[PDB]
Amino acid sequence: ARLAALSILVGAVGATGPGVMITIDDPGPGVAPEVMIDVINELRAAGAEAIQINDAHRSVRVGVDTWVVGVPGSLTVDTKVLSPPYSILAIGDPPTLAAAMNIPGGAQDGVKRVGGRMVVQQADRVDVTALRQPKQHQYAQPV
């Protein structure tokens, strides 16, 4: 049971629970990586225990060391080049996560100020199925 918690944190197993599904429409496009990073960081600060970012074609499991780089219209998230609209699935307390997205002056203003829109849906069940890139150990062995 310690293994489950550690495995969810590292993104090595899928997770399910209550949470939110956030859609970001970015017609400009204008949402730069810094804005996406702020959104992710605010969700984590608000208690999200698993986060996945999707576009129409790809899904990425977010970890604490995830890279989000690129330009509006083309955000590279742990190597996957995503284009809008984006979907963010986050497991946590749904009204807490929604409130975090509605803080005056908060992360969502980065989306709004570039002509984007954010819809935050609260859900009884959100499935974070994407896994972080697995790699086999070449040197470490069990004791």
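Residue positions are given as counts along the sequence shown, with the first one as 1.
- For the pair 106-114 and 88-96, the mean Cα B-factor is higher in 106-114.
- Annotation for 16-24 versus 124-132: the higher mean temperature factor (C-alpha) is found in 124-132.
- Looking at the C-alpha B-factors along this chain, the one for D65 belongs to the highest third.
- Among the modelled residues of its chain, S59 has a C-alpha B-factor that falls in the highest third according to the deposited record.
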